[PDB]
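Heads up, the thing below is written out as structure tokens.
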Ligand SMILES: Nc1ncnc2c1ncn2[C@@H]1O[C@H](COP(=O)(O)OP(=O)(O)O)[C@@H](O)[C@H]1O
């Protein structure tokens, strides 16, 4: 007998068609079964097995029925309306181009918005097997974990990297190589997808090889529903217990959000849910009570005391201190710029991000007040006998640096004129020497996160109005958008 | 038999004319097929293949 058949037999199997390989196959095969398992006989010994799984024949046969899919996406993700409309485009388009084409997409946005899930779900629809392949530091493995050559790889994180192009280049991806196994391989039918946050670290080379989709974040409204129709049941079922075991009243869910999560995704949200799913169960086993109802009063008896503040029931107006809406890699955020007055020379030194991008803007809001002075109420003998300190907290992403113009401006004035920025207002906008207010980036996410921390008024660029259209109903409804074109406009509304 | 021919054969092939190279060719070739695929026998093992494709006479009638 001998194991000279156990392998060989399944080798000539229907699996393993291509002969370009079978050469190298029986080659290292008819090798040295002579002699026993020497230190040598253990080597190539294994080389054969990795080689046995690498799919060839098999390959999911695919179903592409939009009427479903599009509304299977609506079974496992709440909102993302616009993001789906673009997953289907990537299919209705697929169906025609019978062979998947180079442009493979990256999903981008704050973590916890569903990037990973959308993928799994893209694949559920295509009935291809799905594989996560983390790139925090090798497709080699990939296929194996799916012994079916028509998969969906999800290059999870391409941006926590320290060049691989070869693997995706439409021209080359067809013929695929890999050391320690050197032999071409066909990846024709392989739906590739990428996750990502800070679109920077991604290599320019790659970002062009790939088509991008942005998942955005979520309105209180949205989250809430995500909690009710997906998040909760999922955690219930996962902490093994019944829907009849624990229910949380809407208002409490809202509370969990406003007060224990200031994220744009829903990861923190999920975690606090579980907190309860957990607390819940220990009851169900001991007390045995078949039901547990967490309410807006109970909440503390589950997830602790409040964690973030929401609104102005606490804060109270300040001087030379404005709250600018900035575009963090992780959503809208509320970084506050400050300005301080110490005797000296016209020089101005700023802190925080070293910012060479900032100085330009700073010494412009500066170079504005330089002009229109008495007109603003401030001793013209100032740039001559004061020294101004500015602090611009890190977070805003590169493109959006100059979007803090009207902010530093507003502060520098509020600081010089002993006035006071209205704690309620959040602002964003680029400044010019003359005092012009130029267009800004991502007003959507900005006001989204402006609402999250619960501000009232949100001063922004006039030439940005056609951007308010796409701001989700719920938030555009709790905000009074003051639009402006020159400082004085901003100053009049943000100071008191 | 042994794979002592699978490669060698296609080496003396019409492909691989220039002799300035063939030296370094059969050189690292008549190397150490002795012994088995040791941690060593995997090294130069491949060095030969990259060398097999590199063109030497395939001119495209312009
Ligand atoms: N819109 C959404 N619908 C359903 N689940 C969501 C949604 N957004 C986030 N989640 C949570 O995350 C999982 C899928 O999203 P997730 O992968 O966490 O976002 P990320 O991809 O950044 O982690 C779900 O199991 C759920 O816990």
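Data table
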| item | result |
| --- | --- |
| Region B:1-23 residues near the modelled residue B:56 label - backbone nitrogen below 19 Å, point 7 Å along Cα→Cβ | B:5-23 |
| Degrees between helix B:19-29 axis and first principal axis of chain B (Cα, 0 to 90, nearest 10) | 20 degrees |
| Highest-fluctuation residue, B:14, B:24, B:39 considered, GNM on chain B with Cα pairs under 10 Å | B:39 |
| For chain A, share of DSSP beta bridges that run antiparallel, in % to the nearest 5 | 40 percent |
| Anisotropy class of region B:5-54 from Cα gyration tensor, a/c 1.5 cut | prolate |
| Residue-averaged [θ]222 nm for chain A, counting only DSSP H segments that reach four residues, each worth -39500 (n - 2.57) | -9500 deg cm²/dmol |
| Helix B:43-53 vs. chain B, principal-axis angle (Cα, 0 to 90°, nearest 10) | 20 degrees |
| Shape call, region A:317-496: gyration tensor on alpha carbons, a/c limit 1.5 | prolate |
| Cut-off 14 Å, label 7 Å out along Cα→Cβ of residue A:463, residues of region A:471-496 by amide N | A:484-487 |
| Average Cα contact separation per residue, region A:227-277, under 8 Å, 6 or more apart, as relative contact order % | 49 percent |
| Label-to-label distance, nm, for residues given as residue A:171 and residue A:101 (7 Å Cα→Cβ offset) | 1.7 nm |
| For region A:317-496: relative contact order, % (alpha-carbon pairs under 8 angstrom, 6 or more apart) | 28 percent |
| Prolate/oblate/rounded call for chain A, Cα gyration tensor, a/c under 1.5 rounded | prolate |
| FRET efficiency, residue A:93 to residue A:242 (Cβ-Cβ, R0 51 Å, nearest 0.05) | 0.70 |
| Packing-based order for A:280-290, A:379-389, A:477-487, A:262-272, using average beta carbon neighbours within 10 Å, highest first | A:262-272, A:477-487, A:379-389, A:280-290 |
| Distance from region A:324-358 to region A:143-182 (C-alpha centre basis), Å | 43 Å |
| Rough spin-label spacing in nm, given labels placed 7 Å along Cα→Cβ, for residue A:66 and residue A:301 | 5.3 nm |
| A:356, A:317 arranged by Cβ crowding within 10 Å, fewest neighbours leading | A:356, A:317 |
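Here the Cβ is made from the backbone with ideal geometry for all residues, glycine too, and neighbour counts use every protein chain on show. Here, each number is a calculation from the coordinates, and none is a lab measurement.
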